[PDB]
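This is what each chain is made of:
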Amino acid sequence: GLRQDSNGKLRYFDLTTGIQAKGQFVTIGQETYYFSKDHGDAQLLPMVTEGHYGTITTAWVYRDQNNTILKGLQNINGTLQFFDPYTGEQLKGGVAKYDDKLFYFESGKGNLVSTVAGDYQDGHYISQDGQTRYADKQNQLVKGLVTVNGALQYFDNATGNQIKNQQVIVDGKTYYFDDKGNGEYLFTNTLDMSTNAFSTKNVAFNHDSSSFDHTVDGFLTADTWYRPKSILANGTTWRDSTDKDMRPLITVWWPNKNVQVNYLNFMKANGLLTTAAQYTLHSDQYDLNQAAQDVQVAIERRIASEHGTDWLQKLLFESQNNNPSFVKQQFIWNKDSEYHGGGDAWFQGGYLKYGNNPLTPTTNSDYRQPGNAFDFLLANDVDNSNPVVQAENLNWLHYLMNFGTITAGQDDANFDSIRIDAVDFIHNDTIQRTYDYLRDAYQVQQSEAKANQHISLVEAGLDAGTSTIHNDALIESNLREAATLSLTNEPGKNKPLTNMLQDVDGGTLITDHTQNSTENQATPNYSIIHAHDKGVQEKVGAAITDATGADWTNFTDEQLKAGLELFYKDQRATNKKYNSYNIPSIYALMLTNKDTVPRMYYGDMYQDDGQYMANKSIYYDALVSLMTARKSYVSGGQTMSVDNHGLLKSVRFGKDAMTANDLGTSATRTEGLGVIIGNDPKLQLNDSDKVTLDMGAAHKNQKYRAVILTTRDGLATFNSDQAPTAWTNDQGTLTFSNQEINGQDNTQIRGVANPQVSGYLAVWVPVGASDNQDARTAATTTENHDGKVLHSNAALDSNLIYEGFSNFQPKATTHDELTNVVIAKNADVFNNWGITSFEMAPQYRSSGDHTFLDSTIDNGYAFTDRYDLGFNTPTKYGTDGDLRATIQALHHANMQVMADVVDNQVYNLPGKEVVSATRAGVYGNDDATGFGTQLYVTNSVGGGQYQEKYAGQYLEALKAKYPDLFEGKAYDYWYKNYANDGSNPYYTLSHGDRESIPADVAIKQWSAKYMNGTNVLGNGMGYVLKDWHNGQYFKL
Ligand SMILES: [Ca+2]
Ligand code: NA
């Protein structure tokens, strides 16, 4: 070990190999020394006790017992650190010179971990032989572990090839080098194990499963206990082990030196070793190994004293004194070694993509191809490319589309249509096959009569190319996004309303409102401003976190209630910090524009500081008046322009009048409407200027009356002809000005700032409609020949969807407050507004696990058992009985009912397995991180009682009735291409070929073989134990 030479100089010789230590640091008993690179002579580095870490103008520094700033190399608390010799600023993640040699100080704590061969600033990279290399100032290849322009980097010693996206062992230390070759230290490896007689007795009794616990799929974990050959009873007397003897693996074996060091120091601090001896990353391994064997003595004495091991379970594996457990304190066994986050880690810290390993035959897969623009989002990502999962998705769809029949023999209690949740995150083949189901079951492709009985929609725009190719479902129009530019912002922050003249998705036209006199041209679409998520969840989220301090995905009912109070107070004020401006105007656009199906959001009409439908919003009357006027008056062609005062003027002509010169039928006279919208609350007209609405040739010399007028304090609303009136001239033009018409207040145009309008809003309809005029157009049975399921025409436009929930509804405190009970009770209210399609929330039982917003407010999107729609105990919305009664009531009130189909993910599956994992982002793209690729313990097995009962149960019958669904099939779809030069995305026609699928394999419970991946779980890169020297996993 430590030995003096002839002259009394101290030198060090490794305790196992006998190799002299030179140019390195060694801890010996209590002291840490450096041994010079020349003669190997010792220099004692004094232990710094007392003193504290601080800051300076902001840079961390370290001050001694009496407050002096320390400079240079320092031995602090059994670590070596380096502080700039001028500023005293601590170095972290870089090199410093000592003894004219370079040492690296890791980025986490600034601890000295290694020697670096050289530091380079003046050479240059080259490409040779298909590799990247680095040439120094003399144009000579650089080799080994070096720093280049301040980055730690590694060039293969033999070739000079730079290493990228790999973990590399250099001189006994393990590093990761990223996609640019930029490195980071991970851990110091253990040299080699004791081979004394003591160690031979710690060896495992055998390799059988019964010798180890906390195993998964035959692999060992950090939590594993094992049966040794022998037990040092009470620390003194070796005996053969029995089948009742188990000891933690981590009392005898460590994955790296950091963990062994931390282990000895932890056991020190908890009374199982007392010694002046310091244990550091510079300790001789021989001493560390012996120290661990000595801790065993003290462990065995305490096991004899306490007649058991429960104290040791707690000591190593539970939180003690509000600290993480010993295991969880270790880098390789915690989230720090998973490198969470990144721009592609949209939720939950990001994702782990599953792959294959020869040692994991039960979780391997031949599939896992995303087959769409996106892959991961949340929780356990379902592999919807897998043929067995595709069959299961058809099973579940059929279940939902026959839920009343299936569960109660009630054929009037089944869902009619679907929303495809997270459509761009699931494989195109399952989307195409889903649309074939609906074609097979309901003949939607035969005519609008059938298609319009089953109006489905997806959560995407024009990028949902499987949905647009044959318009099997509505895509979302660009109105929301356009309105967010020009209407929803505070004064001074809106763009001009000219962006509302065309509805355009990344440069592609969905529909043009300017002079729309045609049909069957627009892409069938739905228009919204808000939804349960969109435009909402992160604004409430901010009132919550602001009033409370909680995070937007995880809070208590009490903190939520508080945030909602602030939220609604803000909503009802003119000056809004959290809430959207101009909401009634935007609804006016939605509810009068041609060539769309509008969707009403529940939360724009009702407030979540009340139970379902209890508290009307400030906008409620305006939206009711607009839905009422839509049903009575809205039909025919559209025109739209923005005048010289910035006012948007939108006219609908009435039934059968497509252009401004058409006369239509006798019905036309009393149909049509005009809308004037401004976004300038300071608008003032001069005395001579006019604002005109050109109502058209069917509306000459005609009396109009208001639906909506802008007032000082809000909006005046009128649902009858008893309203202020105005007259068209002999050309059909209504004329407004800065003066009132016939002394009628609020008939003049002027900008206004108030809680319901920030700019100007007026809606005018012809006087004289009969009490139940209905300007809607019925669907016909005429056959389609163009290949499209939905067609954007007067009949499709006559539909109206209601999204009948909000995330932030409170839990019901009584049966009568339950959402689904209240919906059934109020079914005629929806009919009277003209709702034709009732979009219910996802009805699946919430996992309740608080791992995301959806599983904290229990909205139905985060579930374990996708067949459990409220059996035994209710969901947030009611029981399975309450659901059937709701669907019944809606149907008897002439509405279709939408099932929110969530194929993307499953939450909270308790059964564990082991699968190969790499970090990935939403796109399914591998991230270059330190975690690399590791076997990983996943929470991947489960489902629930209803998945067990129903999954796969319908497949044999479905293959008999609709055999085509189980065949392979060629199909086309549109594919969104993004341009290099920053010009608009463009669409190309892709071909797909879905596989044949089986009907005889059920997914009764989920497992990893059927998943693409999972959100990161925080277990670490090395929770599944292996030999880090050679990468070999332990396996029973
Ligand atoms: Ca997915
Ligand atoms: Na050694």
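Residues numbered from 1 in each chain as written, not as in the entry; some residues may be left out. Chains lettered and ligands numbered in written order. Heavy atoms only, no water. Residues with missing side-chain atoms left out of burial classes, pairs and counts.

(A) Layout of the overall build of the protein. Within the protein, the secondary structure is distributed over 22 helices and 57 strands. Dimensions along the principal axes, computed over C-alpha positions, put the protein at roughly 120 × 70 × 60 Å. (Helix = DSSP H or I, 4+ residues; strand = E, 2+ residues; numbered from the N terminus.)

(B) Highlighting the coordination of the calcium ion (ligand 1). Taken together, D375 (O), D381 (OD), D381 (OD), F425 (O) and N904 (OD1) make up the protein donors of the calcium ion (ligand 1), found 2.3 to 2.6 Å from the metal. As a motif over one chain, the donors of the calcium ion (ligand 1) read D-x5-D-x43-F-x478-N. One end of the pair, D375, is in the loop between β27 (351-355) and β28 (380-382); the other, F425, is in the loop between β29 (417-420) and α8 (428-442), with 50 residues separating them in the sequence. Of the two residues, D375 and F425, neither departs from the other in class, the shared state being buried. (Donors = N, O, S within 2.8 Å, 3.2 Å for Na, K, Ca; no water. Buried < 20%, exposed > 50% of the residue type's maximum accessible area, 1.4 Å probe, protein only.)

(C) Inspection of the sheet that holds strand β10 (residues 72-76) at higher detail. Taken in spatial order, the three strands line up as β7-β10-β11 in an open sheet, and their pairing is mixed. The open sheet has two free edges, formed respectively by β7 (47-48) and β11 (79-83), since each of these has just one partner strand. Strand direction decides the pairing type here: β7 and β10, joined by two bridges, are parallel. The residue of β10 that forms the bridge with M47 is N75. (Pairing = 2+ DSSP bridges.)

(D) Spatial organisation of helix α13 (residues 557-571). Taking 1.5 Å as the rise per residue, α13 with 15 residues should run 21 Å; its terminal C-alpha atoms sit 20 Å apart, in good agreement. Taken residue by residue, α13 has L560, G563, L564, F567, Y568, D570 and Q571 as its buried positions. Buried residues of α13, viewed axially, fall in a sector of 150°; they line one side. Among the exposed residues of α13, those oriented more than 90 degrees off its buried face are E558, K561, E565 and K569. For α13, the elements touching its buried residues are α12 (537-547). (Expected span 1.5 Å × (residues − 1). Arc of directions from axis to C-beta. Contact = heavy atoms within 4.5 Å.)

(E) Up close: the side chain of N289. Take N289: it is sitting in helix α3 (residues 285-306). Note on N289: relative accessible area 11%, which makes it buried. Polar contacts involving the side chain of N289 include one to the main-chain carbonyl oxygen of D192, which spans 3.2 Å. There is a polar contact of 2.9 Å between the side chain of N289 and the side chain of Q260. Every residue in contact with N289, bar those within four places of it in the chain, is listed here: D192, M193, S194 and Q260. (Polar contact = N/O pair within 3.5 Å; in protein donor to acceptor, adjacent residues only side chain to side chain.)

(F) How the structure looks around the packing of aromatic side chains. Summed over the entire model, instances satisfying the criterion amount to 59 aromatic pairs. Measuring from centroid to centroid gives 5.0 Å for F25 and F103, while their planes differ by 70°, and the two rings are edge-to-face. Among the aromatic residues, those joined into a ring-pair cluster are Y602, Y606, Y612, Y620, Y802, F830, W833 and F838. The side chain of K1026 reaches across the aromatic face of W1028, ending 4.0 Å from its centre. (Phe/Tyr/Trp six-rings, centres within 6.5 Å; stacked < 30°, edge-to-face > 60°. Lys NZ or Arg CZ within 6 Å of the ring centre and 35° of its normal.)

(G) Layout of the UniProt feature "binding site: Ca(2+)" (unreviewed entry) in the protein. What UniProt calls "binding site: Ca(2+)" (unreviewed entry) maps, in this numbering, to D375, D381, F425 and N904. The annotated residues occupy 530 residues of the chain but converge on a single region, no pair of C-alpha atoms lying more than 9.2 Å apart. If we ignore the near neighbours within four places in the chain, the residues touching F425 are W346, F374, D375, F376, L377 and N904. Of note, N904 is situated in the loop between β49 (896-901) and β50 (905-906). Note on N904: relative accessible area 0%, which makes it buried. Excluding its chain neighbours within four sequence positions, the residues that come into contact with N904 are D375, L377, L378, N380, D381, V382, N384, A422, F425 and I426. (UniProt positions renumbered as here; feature names shortened; annotations may be inferred.)

(H) Region of interest: helix α20 (residues 880-892). For α20, which comprises 13 residues, the first-to-last C-alpha distance of 18 Å matches the rise-based estimate of 18 Å (1.5 Å per residue) to within 8%. Among all positions in α20, only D880, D882, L883, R884, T886, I887, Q888, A889 and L890 are buried. Buried positions along α20 lie against α7 (403-408), α18 (819-825), α19 (827-833), β48 (837-839) and β49. Where α20 starts, the residue carrying a side-chain oxygen 3.2 Å from the main-chain nitrogen of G881 turns out to be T879.

(I) Expanded view of the pairing of strand β6 (residues 42-45). Across four bridges, the pairing between strand β5 (residues 31-35) and β6 is antiparallel. In the strand pairing of β6, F35 is matched with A42. Between the end of β5 and the start of β6, which pair antiparallel, lie six residues, with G40 showing a positive phi angle near 80°.

(J) Molecular detail of the side chain of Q934. Relative to the helices and strands, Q934 is located in strand β52 (residues 933-941). A polar contact is formed between the side chain of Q934 and the side chain of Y1033, at a distance of 3.0 Å.

(K) The arrangement of the environment of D463 in detail. With respect to the element layout, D463 can be found in the loop between β30 (457-458) and α10 (465-468). Setting aside chain neighbours within four positions, we find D463 in contact with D424, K976 and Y987.

(L) How the structure looks around the sheet that holds strand β55 (residues 1011-1015). The antiparallel open sheet is built from six strands, whose spatial order is β50-β28-β55-β27-β51-β52. Each of the sheet's edge strands pairs with one partner strand only, and the pair in question is β50 and β52. As paired elements, β28 and β50 share two bridges and run antiparallel to each other. Bridge pairing in β50 links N380 to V906.

(M) Inspection of unusual backbone geometry at higher detail. At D656, a residue that is not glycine, the phi angle is positive and equals roughly 70°. Mapped onto the elements, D656 comes out in the loop between β38 (648-652) and β39 (673-678). Of note in the backbone geometry, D858 takes a positive phi value of approximately 55° without being a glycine.

(N) Molecular detail of the packing of helix α2 (residues 257-269) against α3. Where α2 contacts α3, the two axes come as close as 10 Å, and the packing angle between them is 40°. Regarding the angle of α2 to α3, the classification is oblique. Between α2 and α3 lies a crossing of left-handed hand. Contacts from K257, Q260, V261, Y263, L264 and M267 of α2 reach α3 at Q285, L288, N289, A291, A292, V295 and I299. Residues belonging to the contact of α2 with α3 are distributed by class as follows: nine nonpolar, three polar and one charged. (Axes fitted to C-alpha atoms, helices over the stretch in contact; angles between N-to-C directions. Parallel < 35°, antiparallel > 145°, perpendicular 65-115°, else oblique. Left-handed = near helix turned anticlockwise from the far one by under 90°. Nonpolar A, V, L, I, M, F, W, Y, C, P; charged D, E, K, R; others polar.)

(O) View of the pattern of salt bridges. The tally for this structure, following the rule as stated, stands at 26 salt bridges. A salt bridge links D421 to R419; the nearest nitrogen and oxygen atoms lie 2.9 Å apart. An identical accessibility class is assigned to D421 and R419; each is buried. A salt bridge links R845 to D868; the nearest nitrogen and oxygen atoms lie 2.9 Å apart. Taken together, the positions of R845 in the loop between β48 and α20 and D868 in the loop between β48 and α20 put the pair 23 residues apart, joining distant regions of the chain. Note on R845: relative accessible area 22%, which makes it partly exposed. (Salt bridge = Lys/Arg side-chain N within 4 Å of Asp/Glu carboxyl O.)

(P) Highlighting the domain arrangement of the protein. On domain assignment, one finds that the protein holds domain 1 (1-188), domain 2 (189-350 + 1025-1036), domain 3 (351-475 + 899-1021) and domain 4 (477-897). Measuring from the centre of the C-alpha atoms in domain 1 to the corresponding centre in domain 3 gives 50 Å. Listed per partner, the contact involves eight residues of domain 1 and seven residues of domain 3. Of the roughly 410 Å² buried between domain 1 and domain 3 on both sides combined, carbon and sulfur atoms contribute 60%. Three residues, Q167, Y176 and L186, lead the burial of domain 1 against domain 3; their summed loss comes to 65% of the area buried on that side. Where domain 1 packs against domain 3, one counts zero salt bridges. (Domains from an automatic or database assignment. Buried area = accessible area lost by both parts, 1.4 Å probe.)

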